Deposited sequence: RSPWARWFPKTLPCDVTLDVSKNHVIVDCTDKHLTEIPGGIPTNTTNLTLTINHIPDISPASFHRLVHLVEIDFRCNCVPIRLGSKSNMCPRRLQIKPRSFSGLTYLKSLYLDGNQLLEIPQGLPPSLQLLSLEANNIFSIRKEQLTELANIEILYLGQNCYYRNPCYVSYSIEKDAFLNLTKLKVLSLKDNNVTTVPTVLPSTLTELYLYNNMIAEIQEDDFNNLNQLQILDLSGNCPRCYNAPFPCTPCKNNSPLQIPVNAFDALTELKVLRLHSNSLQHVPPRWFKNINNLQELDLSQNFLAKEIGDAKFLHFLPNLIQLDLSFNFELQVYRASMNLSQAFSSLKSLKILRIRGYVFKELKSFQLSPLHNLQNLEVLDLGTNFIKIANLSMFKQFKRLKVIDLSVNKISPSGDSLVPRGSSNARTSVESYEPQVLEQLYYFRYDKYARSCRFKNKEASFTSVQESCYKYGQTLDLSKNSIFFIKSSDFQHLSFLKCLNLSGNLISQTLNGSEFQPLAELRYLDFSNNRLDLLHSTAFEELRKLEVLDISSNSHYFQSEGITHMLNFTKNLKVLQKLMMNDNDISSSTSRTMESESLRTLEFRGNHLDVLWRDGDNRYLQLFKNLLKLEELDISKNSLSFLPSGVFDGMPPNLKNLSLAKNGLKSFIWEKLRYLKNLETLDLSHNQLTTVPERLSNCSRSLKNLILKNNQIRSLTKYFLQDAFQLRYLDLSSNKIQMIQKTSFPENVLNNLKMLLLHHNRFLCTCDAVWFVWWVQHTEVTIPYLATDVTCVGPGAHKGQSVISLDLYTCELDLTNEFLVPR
């Protein structure tokens, strides 16, 4: 169909709307800019390659470029690969960019540059030089950037990329940049706010530096500033997972009371990890628009009990006061000031790491009439006691987070403790009201524990110690609960009445409850599903289930069952017929995951035993060594079959003769060495075929008829063992001239032989010598 094969090792996209020709060569092991890049190219990405230099030749023809992304072709030693250390810094020749009249964005982050590159065109709006070795900014080097709006200069001097001196910025270096909106100088070992800065700034990032003092006029002319981040100047260093040097005598960052007086437009103020002991009300006198305030990782425990400054923040949406506890103190109570009640617009309040023994209803009374409050995060507080009934006065909330506490009768895993959570690289909430009790010490539960919480839509009990024989009495008040996460407990399914009181339960997660399934002679009633009349989804992954008192699971409602990481190999021991119908009476089941069940083979009766509307079956990662393909005829509604990461060596003689319904066949990471002669013949239903990471040498036309290939949304063939002899003439031609989407066609569809052509892409292969 295609007249000219695409040989270029980069993804090319067209967006004729926004008038872009997008060439993405991210991570293609390039040592040169590839030849033959389209002349109409507008966005060119060469991130993560080993191109040692740029010159006038680099972009000679590419005069329509609006964006070059040339990040991480020489990333600093400590940040980059140790197995492929860049030997010498990126070399930028004179006149390399001055021809690109239309260039609006240039990313040269992570190239070990020593200086701000010169001869940039006046069209440039965005320049990024993060993770280089530029630690002295001179006015003279910045004249070329007259029209610049966004300037990223961070991560040029810090523990992962040191310069061993203080950062230098000439007086007024940036003042003549009259269009500058965003300046980032984070993670740079800066000692003072550089002045004077242009009044056109909207965003100023000065975090993770060595600034001990703010002068009262440092921010004087910045009447357009919207975002200010001064975090990590005078850090709180307790349990820091990076090298952390506080200011002497554990002094706070010193901020005059009138330092923010000009910032009428400020929306975000971040003062994380500044060792603050006091938040003076006077700070917020002329900021009436402040929406987000981060005061996490300070020493504001006392202040939280007083907090007069809150009276000046009626427009605040987000407040973060996490990790303000006094070292070596375990308070009895949380003392929230009445001033919290003036936070009229507050949607989100986080106070992790206050560290207190007992949470009581009254302590939260300042929050009672906050009409817009949506999230209350009291995680990581080592709370031992809480009457959960107190949250009956918080029905309007979307999330109550008591995660990581010590109670007994979505932010990243590292968040409050990472160095730079905004650093650039080279869930049941949607069901309604959520009470997150994950990672507590709840060993026993009873109905009264949930009195007055009938409004709850999701309860998270993951990672507790719950070991009891649930009999259906434990959750009686939770009449509206749609989602229970009971993973990482110690469920004992002695009673088939477990969970039946949750009459509106749609999703049950009982994954990683393997404990009692690990000892012989214990009763397990897997038939507990019968009572849950609206259950849609059941997850029982990683339970190590190798035995069951009940022979069948039953549901009229269940659509999805995850049964990964169990021992169906033992339940279906060849010769034992008793569990061959375990899932058959799940009448509405469409999706079954029985990956990771050590099924090295499937006994006969398994497919017959499957429920009638099964659509999506995974048998991945089972060490399957054999498969009777014909048995797929019992799965009359099968559409998706995942057999990835097994040991299959052969495909069926005629797939169409095995299933009338099959659309998506995943066979990646198997041991397949050849395709059968008529493999895909008349498989009119097929739409997706993954044959990647096998050991295929040859594919002949008979296997791959064009009336089937041409309905495929995608065909994966990469990481095989293709033999590029004259025998392969058809496959080589076809691959070169097909419209069919085949990912990695240029990069990992490769000849392994013979000799001459070893390591060569088949897309690039010239076989004229087969045709003389």
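Asker: From the N-terminus onward, what segments of the deposited sequence lack any C-alpha atom in this model?
Answerer: Unmodelled stretches, in sequence order: 1-4, 414-436, 454-467, 814-823.
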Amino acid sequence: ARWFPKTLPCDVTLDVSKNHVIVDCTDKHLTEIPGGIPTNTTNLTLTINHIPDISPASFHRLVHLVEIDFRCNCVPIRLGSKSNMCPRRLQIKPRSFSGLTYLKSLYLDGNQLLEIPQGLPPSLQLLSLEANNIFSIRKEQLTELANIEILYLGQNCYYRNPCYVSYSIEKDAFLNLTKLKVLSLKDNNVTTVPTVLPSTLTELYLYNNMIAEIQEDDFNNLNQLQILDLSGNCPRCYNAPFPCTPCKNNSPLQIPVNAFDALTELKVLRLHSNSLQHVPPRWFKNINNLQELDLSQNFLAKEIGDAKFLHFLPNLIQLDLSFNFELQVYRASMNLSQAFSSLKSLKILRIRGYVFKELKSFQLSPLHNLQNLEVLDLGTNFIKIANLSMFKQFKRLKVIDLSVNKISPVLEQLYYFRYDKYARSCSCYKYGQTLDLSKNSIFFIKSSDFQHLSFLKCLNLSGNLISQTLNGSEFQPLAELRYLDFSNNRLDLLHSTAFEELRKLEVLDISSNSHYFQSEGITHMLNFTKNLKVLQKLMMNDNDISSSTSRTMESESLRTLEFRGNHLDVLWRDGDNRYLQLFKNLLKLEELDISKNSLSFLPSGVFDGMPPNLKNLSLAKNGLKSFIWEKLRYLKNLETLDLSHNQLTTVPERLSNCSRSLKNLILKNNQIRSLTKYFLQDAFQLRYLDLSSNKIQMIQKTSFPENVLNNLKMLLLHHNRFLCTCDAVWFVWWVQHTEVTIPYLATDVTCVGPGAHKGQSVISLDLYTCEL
From here on, numbers count along this sequence of modelled residues.
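Asker: Higher average CA B factor in the deposited record is what I'm after, so tell me if that's 291-299 or 86-94.
Answerer: Going by the record's values, the stretch with the higher mean is 86-94.
Asker: For the stretches 456-464 and 442-450, which has the higher mean C-alpha B-factor as given in the deposited record?
Answerer: 442-450 has the higher mean C-alpha B-factor.
Asker: Which is it among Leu568, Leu484, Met539, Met334: the one with the largest CA B-factor in the entry?
Answerer: It is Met334.
Asker: Highest CA temperature factor in the entry: which of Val329, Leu435, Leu349, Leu638?
Answerer: Answer, based on the entry's C-alpha B-factors: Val329.
Asker: Splitting the chain's C-alpha B-factors into thirds, which one does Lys663 fall into?
Answerer: Ranked within chain, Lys663 CA B lands in the lowest tercile.
Asker: Where does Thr47 sit by CA temperature factor within its chain: lowest, middle or highest third?
Answerer: Within its chain, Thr47 is a highest-third residue by C-alpha B-factor, going by the deposited values.
Asker: Grab the CA temperature factor for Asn616 from the record and place it in the lowest, middle or highest third of its chain.
Answerer: According to the entry, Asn616 has a C-alpha B-factor in the chain's middle third.
Asker: Taking the chain's C-alpha temperature factors as the reference, tell me which third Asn220 falls into: lowest, middle or highest.
Answerer: For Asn220, the deposited C-alpha B-factor lands in the highest third.
Asker: Among all modelled residues of this chain, ranked by Cα B factor, put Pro246 in the bottom, middle or top third, i.e. lowest, middle or highest.
Answerer: According to the entry, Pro246 has a C-alpha B-factor in the chain's middle third.
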